[PDB]
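**Student:** how does the following fold in three dimensions:
(3 chains, ligands or ions: 6)
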Amino acid sequence: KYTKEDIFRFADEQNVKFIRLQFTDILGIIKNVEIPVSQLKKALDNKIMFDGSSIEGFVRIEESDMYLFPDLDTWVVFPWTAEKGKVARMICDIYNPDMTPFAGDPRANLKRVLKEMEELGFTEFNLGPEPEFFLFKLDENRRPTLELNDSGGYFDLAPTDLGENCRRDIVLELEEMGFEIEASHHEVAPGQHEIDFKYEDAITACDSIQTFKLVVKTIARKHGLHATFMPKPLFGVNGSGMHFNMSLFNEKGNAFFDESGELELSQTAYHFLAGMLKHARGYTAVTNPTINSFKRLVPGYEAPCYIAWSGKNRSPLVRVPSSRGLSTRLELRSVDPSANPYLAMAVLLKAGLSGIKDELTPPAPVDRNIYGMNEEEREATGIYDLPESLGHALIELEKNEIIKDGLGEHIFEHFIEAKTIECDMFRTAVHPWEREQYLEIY
Amino acid sequence: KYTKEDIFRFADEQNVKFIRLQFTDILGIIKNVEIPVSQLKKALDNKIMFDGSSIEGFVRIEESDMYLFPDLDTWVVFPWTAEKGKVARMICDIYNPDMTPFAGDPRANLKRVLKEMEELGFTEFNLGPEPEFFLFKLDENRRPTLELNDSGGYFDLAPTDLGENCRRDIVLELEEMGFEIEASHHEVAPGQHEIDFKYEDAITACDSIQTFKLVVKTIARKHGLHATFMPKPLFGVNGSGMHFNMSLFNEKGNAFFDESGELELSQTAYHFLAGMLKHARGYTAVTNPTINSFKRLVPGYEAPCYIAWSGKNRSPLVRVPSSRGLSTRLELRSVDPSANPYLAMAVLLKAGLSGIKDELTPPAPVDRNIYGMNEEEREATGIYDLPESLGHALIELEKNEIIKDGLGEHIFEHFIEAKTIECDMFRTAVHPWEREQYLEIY
Amino acid sequence: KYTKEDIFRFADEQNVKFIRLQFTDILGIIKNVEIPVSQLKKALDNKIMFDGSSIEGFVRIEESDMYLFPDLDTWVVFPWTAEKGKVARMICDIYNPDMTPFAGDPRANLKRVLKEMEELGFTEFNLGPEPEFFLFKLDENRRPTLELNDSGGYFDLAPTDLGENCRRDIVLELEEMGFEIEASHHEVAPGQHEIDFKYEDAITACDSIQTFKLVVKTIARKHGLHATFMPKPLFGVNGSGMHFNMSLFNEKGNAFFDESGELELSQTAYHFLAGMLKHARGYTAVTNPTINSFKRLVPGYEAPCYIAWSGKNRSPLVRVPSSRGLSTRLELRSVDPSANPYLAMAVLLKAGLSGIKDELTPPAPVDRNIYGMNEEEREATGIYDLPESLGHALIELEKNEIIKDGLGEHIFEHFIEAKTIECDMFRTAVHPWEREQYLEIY
Ligand SMILES: Nc1ncnc2c1ncn2[C@@H]1O[C@H](COP(=O)(O)OP(=O)(O)O)[C@@H](O)[C@H]1O
Ligand SMILES: Nc1ncnc2c1ncn2[C@@H]1O[C@H](COP(=O)(O)OP(=O)(O)O)[C@@H](O)[C@H]1O
Ligand SMILES: Nc1ncnc2c1ncn2[C@@H]1O[C@H](COP(=O)(O)OP(=O)(O)O)[C@@H](O)[C@H]1O
Ligand SMILES: C[S@](=O)(CC[C@H](N)C(=O)O)=NP(=O)(O)O
Ligand SMILES: C[S@](=O)(CC[C@H](N)C(=O)O)=NP(=O)(O)O
Ligand SMILES: C[S@](=O)(CC[C@H](N)C(=O)O)=NP(=O)(O)O
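**Tutor:** Numbers count the residues shown, from 1 in each chain, chains lettered A, B, ... in the order given. Ligands and ions are numbered 1, 2, ... in the order given. The relevant structure is shown in the block below.
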């Protein structure tokens, strides 16, 4: 743990002229408040209020006042605000003025369900994500447009890769913030890039994910580009999906490692699988909270459409990397980077360890092309489709209780009313698709 | 009736020059062909054949060849500027290479189910439809714009209803084609138009419907405006429905008319409703065979939203016009003018005739305005909500096996497939609404 | 030879910041992935993998996860990567996750055929390339226009060769990267360029080739010019193909130099050419693997048109440069820079190592201008005619089962699929040519 006092003098060895307290709203969006180095004790002693009412996902305007308490380990300095004022960073948890924490804080609802594996013995919850992102050219307005940075491809090179000089500026801006970056490259769709790093403690891997998305964006609008974490911005091309590499640690040993099994996977991992897969239909409404996230979960674009799993195969809902070692992990790939990392982790922790506790037995590893299977030749194998509309997936989540009770009373009730009414805008609205399709033939 | 010896007489009488053989495809699309008056006798020998694989939903390409047998009762000369190109049409029944009526021919389907009221004792099946349509301007190159001629409202007056020479010229041309016209006016939303005509038996009111769209499609395009029967071409204004006013007749009798029961309504009628009411869930993919009509089917714009009935009231599924007697009608507002009036009539007959052989005890009249209740108030009565989408409205249909038997087994087999892919063709696509709300946001 | 101890040294000596792991897909398309020096150990431990399903022609999606084993004798720093993000490269080999190598990987297909020359006693199957490219200007939005920056001819000078300082800044950039470069000059057709570099043993020239292209694409786009290797980009002017200057060696002695035989040429030398002459029809699908290069193979433009050889003459399929000694070389000419430098060598090795176990008494020099002979004489001497299209070269390929074996089999069946697709995706399409010559005509 970082100290409170040596943080006060952390600003004098680097003359930090501002600190940015930052937390996260219900929809995954990073809100912020900036304060000078002048107010540093006023925040470290937890006396910084705000207006709760206007942050979508919090209390009503009657009980508006809400305080902010910093997590003194999430101290980095913003490397690009040299020369103006060296700007630090600190992540906060949201507290009601009763000094009772807020059960609607997205970072509390993981800070609590990470203690249920405490009651049953595991060291850590290791998340290494793969947040994929597209990049679009800007204009004279510097207001983004739907023309991608290159008509490139998977692993292709300059001249065909025009973010080669951009990703590289993004990775060295992230590494200056104390990361360990695995690789950098261009994904299979045009303008689609992927920067993956090394796994971390569940919450400090989640904190690190809200870091990444802010660096990828500010350092692109510095390259003439704009970075989108929208899952399916085009038709008929790979979507951007934030893979979920999960692995529990236990006393300096990967909980998933069976040293001399055939699939070298402990029967902990095997009842971990049946956890999410049983519950897959419920919780994905959370892990893909935008209507468009389903417009991406279609057959053919390396995205999963059916609830299943296999080994080193990129069709199913979960993939097992053929390399395990101490990096042994199972790859839930039905996560896209519009969900809340704090909330996808909490949900999938619960309904995931619910499979070892209940000891659920795991279904068949479907080792072929899941997209190449008849409507009725996969219906004999029991595997069935992931829900197609947000209305459908919200019904099958609200139905589910095991994940509904790790979503908090205040978050779920504040969530489905936001996802439904977001979806009614859709169902009521007519798009220019429908004009094209009908207006002249009828 | 009309003998073959009339048609020749009328040709050499009215001096027609070319003959058209119209029929209607699976989706509602009147498709015809031209022959000289030198062919007049050959078509009446019913020895004139077209490409069967080439009209949607009819047949496959290995049994392409299919015959056209005209209906001499339909003869009407086309009255536009054709002195030398004077026309004459005849709506065709479709037959096989073995002369048996074609299962797919929807003109056959209507008549087929019509013989199911010849055994419940009813002379006719009258239908007075209200096909409401929109008027759009045309560009310099005669392509449909997205502006509408005027910005008037219900019943408005010149100079704020541009289509007042338009409908004038629409109505007159119809009055030449054997029509008797009731009225011509402006509807709720701007550039919308209602033209009404006296009821007729189905296979002749619907022939007065397929004739209607054409002679508004063309006469409106003679005033330089393209006309649509798209349900809701603009979000936030009344989708144009095509109200379905019907009546069964009994030895010169309006079989819904007995001036005693609760409203001066009969029992063959009070029973009819419970058939619709019960089977209404399962016939909305036929009354509304398009993704877009489910966008008129949000409430507030005088369209049906839930499955209940009332009097004098334009909010429910079925309104009953106060005027009664011969004017005693059952008004069904769920149909919109994209639908197939040979499949729509065929189906509702087998919904409501399933309510004279059981009569199924109709539910309560909600004389409120049903748009103004709550999810706890709909459930208080227990009123069925019309389905969500072309998605549900497709599964809700392959349940009602009395309705499936109103389309036939080869018309339903070529109507689920043609909507399934058309439904899938929208489910997968990404339309601009998805990028506005998310691209610059996530 | 270089050791993994040497590369831990240079990264801290050069102070490089990223390592790029590179390979080639089936089509000659370079695909590489960038990683920090912070992961220099994981690749030298071979513990870095990728997605095989996305490398065009590597594998199919069910068994994707595949390893990356790096080659150290391939290490070079990039020189254009300032002191801010300096870059070191390493060409790799592909290993299936079970640590067995990949039969579809082209680099090891060569290694296996270069072992077929250890059974015949040959230290080196040396190769010198002549990749010829075009230069197209760049528009305002960095898009390669249809203008050639210069309108010159052979060996011309400033000011009638724009890319004079271009071919300078490439050479230096090549010269920083351990290259030995012969000659930098303007080629025949306008806006054409050649850069000759001295030979190296096959797998290291194939490295030096795919590398050399990357250095001209990226440098040419510094001066803002698209660098392309399309064989016949313009019709009616010289095609830019990649000559193949090959020579065998045994104990520091060229195996083709014996100043007794008629042309100062050896026996294995003369014998080699029969191994190509007959087999030439077969591999002309691997040396010209594109629709476009079969318009280059036409007569007139100093490119092989029929299968023939001769001395100091630049019409035939094989040229033999007058200069002999250690520069005693055989010049194959069908190849275009769109061919796979790994496939071509293992093809031509097994092709021309077939003329040393069989040797087929190679035919005699038609040292005429074979560009100027009518059909009455081409089948007089019996000179085989080259295939006329991709689709012809393919059927001509699946018969010489030794070239087929030269390719392995995975590469082969992965090859016939896509080119038959490519050949068929061009057989069926319609291009504005046929629209001029027939539309207003017929
Ligand atoms: N034991 C583990 N638990 C969780 N995540 C891991 C583990 N080992 C590796 N990872 C993560 O897997 C990710 C690999 O990224 P990438 O190479 O894009 O995956 P893929 O092989 O699916 O393409 C990294 O983010 C890394 O942190
Ligand atoms: N007895 C009847 N049976 C069936 N349809 C009828 C009957 N009387 C009138 N109609 C139809 O009602 C239509 C007129 O409807 P409209 O004036 O729009 O009434 P509303 O405004 O109540 O819908 C006419 O087209 C006519 O054919
Ligand atoms: N003995 C040899 N073995 C292999 N390659 C050779 C030999 N001699 C020359 N080369 C190659 O020939 C190339 C020079 O080609 P170039 O100068 O264009 O000759 P030409 O103009 O006759 O084609 C060099 O790239 C070199 O690698
Ligand atoms: C090549 S991809 O394999 C693409 C997967 C897809 N874009 C998605 O996850 O949505 N995934 P990864 O980065 O793990 O290799
Ligand atoms: C009030 S309206 O009823 C307009 C109908 C509405 N736009 C609909 O068809 O959904 N039609 P009409 O007055 O002729 O009965
Ligand atoms: C006689 S030329 O040979 C002209 C090149 C020709 N257009 C070709 O197809 O290679 N080239 P080079 O002198 O490099 O051998």
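
**Student:** near ligand 4, anything from stretch A:123-131?
**Tutor:** Yes: Stretch A:123-131 lies within reach of ligand 4 by CB under 6 Å from any ligand atom, at residue A:130. C-betas here are computed from N, CA, C, even on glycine.

**Student:** list the buried residues in that stretch.
**Tutor:** Neighbour-count burial for stretch A:123-131, counted by 16 or more other CB atoms under 10 Å in any protein chain shown, picks out A:124-131.

**Student:** apart from its neighbours in sequence, what residue is nearest residue A:150?
**Tutor:** residue A:162 (4.1 Å; CB to CB, 6 or more residues apart in numbering or on different chains).

**Student:** could you look up the SS state of the closest residue to residue A:241 other than its chain neighbours?
**Tutor:** The shortest distance from residue A:241 to any non-neighbouring residue, by CB to CB, 6+ apart, is to residue A:336 (4.9 Å). Under the three-state scheme (DSSP: H, G, I helix; E, B strand; the rest coil), residue A:336 adopts coil.

**Student:** for the helix or strand encompassing residue A:92, name the packing helices and strands.
**Tutor:** Per DSSP states H and E, residue A:92 falls inside strand A:87-95. Strand A:87-95 is packed against strand A:18-24, strand A:65-78, helix A:108-113, helix A:202-218, with contacts defined by 3 or more CB pairs under 8 Å, 6 or more residues apart in numbering or on different chains; DSSP states H and E.

**Student:** let's see that with 6 Å instead.
**Tutor:** On a contact count with 3 or more CB pairs under 6 Å, 6 or more residues apart in numbering or on different chains; DSSP states H and E, strand A:87-95 meets strand A:18-24, strand A:65-78.

**Student:** helices of the stretch 51-200 of chain A, residue ranges please.
**Tutor:** Shown for the stretch 51-200 of chain A, the helices assigned by DSSP state H, counting those that start in this stretch span residues A:108-113, A:164-175.

**Student:** now chain A against ligand 1: closest residue?
**Tutor:** Distances between chain A and ligand 1 by CB to the nearest ligand atom are smallest at residue A:128, namely 2.3 Å.

**Student:** look up how far residue A:315 lies from that residue.
**Tutor:** Distance, residue A:128 to residue A:315, by CB to CB, to the nearest Å: 21 Å.

**Student:** from chain B, how far off is whichever residue of the stretch 1-150 of chain A sits closest to ligand 6?
**Tutor:** The minimum distance from the stretch 1-150 of chain A to ligand 6, using CB to the nearest ligand atom, falls at residue A:150 (30.6 Å). According to CB to the nearest CB, to the nearest Å, residue A:150 and chain B sit 18 Å apart.

**Student:** go ahead and confirm the residue nearest to residue A:150 touches residue A:152.
**Tutor:** No: contact criterion CB atoms under 6 Å: residue A:162 and residue A:152 do not qualify, at 7.4 Å.

**Student:** looking at the two, which one has more neighbours?
**Tutor:** Neighbour count, other CB atoms under 10 Å in any protein chain shown: between residue A:162 and residue A:152, residue A:152 has more, with 24 against 21.

**Student:** who's in contact with that one?
**Tutor:** A:160-161, A:186, A:190 (CB atoms under 6 Å, 6 or more residues apart in numbering or on different chains).

**Student:** which of those residues has the largest number of neighbours?
**Tutor:** residue A:186 leads these on contacts (other CB under 10 Å) with 28 neighbours.

**Student:** close enough to count as contact, that one and residue A:194?
**Tutor:** No: at 7.5 Å, residue A:186 does not count as touching residue A:194 under the criterion of CB under 6 Å.

**Student:** closest one to residue B:212 among the helices and strands packed on strand A:87-95?
**Tutor:** Residue B:212 lies closest, by CB to CB, to one member of those: strand A:18-24, at 57.9 Å.

**Student:** partners of the closest one in the sheet?
**Tutor:** strand A:30-36 (antiparallel), strand A:87-95 (parallel) (DSSP bridges).
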